[PDB]
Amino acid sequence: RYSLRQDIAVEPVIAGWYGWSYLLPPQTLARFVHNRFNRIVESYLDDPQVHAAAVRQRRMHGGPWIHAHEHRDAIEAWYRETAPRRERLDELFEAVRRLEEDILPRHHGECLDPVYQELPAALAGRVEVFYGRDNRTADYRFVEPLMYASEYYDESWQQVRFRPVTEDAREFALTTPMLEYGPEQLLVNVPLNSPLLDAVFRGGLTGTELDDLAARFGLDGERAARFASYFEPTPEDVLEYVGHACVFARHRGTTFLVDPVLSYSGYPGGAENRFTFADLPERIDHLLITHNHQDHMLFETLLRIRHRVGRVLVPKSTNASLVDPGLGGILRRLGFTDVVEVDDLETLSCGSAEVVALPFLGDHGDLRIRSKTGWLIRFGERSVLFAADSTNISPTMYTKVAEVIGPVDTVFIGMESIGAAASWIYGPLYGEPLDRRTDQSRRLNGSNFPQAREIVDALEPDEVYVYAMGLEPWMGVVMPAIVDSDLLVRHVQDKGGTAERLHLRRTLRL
């Protein structure tokens, strides 16, 4: 009997690209493909040189640049093979532009029933329209499950690409098409929610069982043998930090994992003491996610642990808009079948703990998005709060919050006190651009020193760690402020308590 090697990664791929939340729902896919992914490809076909030149200065990583510039011929063939896809998806892009731009501004406060009469065939039956607060300006929302039911959500445009992992750091993956760039890699068509991937990550297969598996993925010849080679012979009360904003926990034998992202292992030259896919218990009872940003809920990680998961807790949103579509339903298309959505300050009991959802402000470019929460976990008398990227930009909200929830022992706050422009993530979903100087004042930032101070001062914790920092090398898949972190470590220590910025790993007494 055999199992996947710790040093093979199985990378999520949707419509040619490294896979994440907003590529799943056809209506957001379409805004990205049209307004970003085609622009990146065409720009590259025209001058491979810019991209190479760009890729070479480390400091230009994260821009709209293809990292496998050597492979011009393959990329061109791929673009052209997929033209009927990019074209059926543009049919949706046009419907939506048509409704936001030609149909909705026609109306000024009267009955809207005349609109369902005029909807593009793409949207017919799949949207609801209404006025906003002024009663005169018309808006809309998608009926999400009907979208997924439509021909525009297509499971066949999904894939996984197996490849070896030889070191800690990761190259920035979001702007480069997912293809077989080397014989070590294996690109395979399967839907992301498939139970075949579950077979894989679970393992314990005989050699003939692997052949069967591999034949159900439609593999044979050398591909089937590459596939086979990715497999090797099958070999309390804790609070473990493990990377970026990901924290593991056992409490009277119930397991918790917050904002999942994990590194790999099985290769020379690692970093001592990492917490890896290999360090995981049998079952993950409760998976918690603070928001919808890749650094907090990485598809690659999630697909891998899916088979071990009990319940997923996530914050409730019903906007069913482009900028902000239902987290919970995304998780369901990924194959998670027990997902619970929690409103502000609702309380769920979890094994022997109690989990409370907390209000979470900012980090989203002052955009209309409801998928954010922090979590407070009460393990009997000790009680820990995970705040992720949430910033304290509303003076008293924390006082009022404390009045309802009682005292808190331990706090994790994230101080990416300056990060990206919000258009960097959300930009292709907008309707038209903002004028540059405005767009510029709309950032994704974590709490800085003063804000962070006032969080601490209003919750009176005895322990106070700062995470979500983006230090660990493997976060490079997807992505001054230290001055501030340190200001805070001293503040909290000077006031008679433990504090510490986190990097790489840490056991902690629970």
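Counting begins at 1, following the sequence as shown.
Counting the deposited residues that fall between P235 and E236 and carry no coordinates gives a value of 10 or more. Gap between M479 and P480: 4 to 9 deposited residues without coordinates. The PDB entry reports B-factors from which the mean C-alpha value can be compared for 38-46 and 481-489; the larger average falls on 481-489. Of the two stretches examined, 58-66 and 26-34, the record assigns the greater average C-alpha temperature factor to 58-66. In the PDB entry, the Cα temperature factor peaks, among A149, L219, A245, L112, at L219.
Of the candidates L287, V384, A138, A357, the one whose C-alpha carries the top B factor in the deposited record is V384.
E91: CA B factor lies in the middle third for its chain, per the PDB record. For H251, the recorded CA B-factor ranks within the middle third of the chain. Only modelled residues enter the ranking.
Among all modelled residues in its chain, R370 ranks in the lowest third by Cα B-factor. Remark: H291 belongs to the lowest third of its chain, ranked by C-alpha B-factor as recorded.
In the PDB entry, a CA B factor belonging to the middle third of its chain's modelled residues is recorded for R436.
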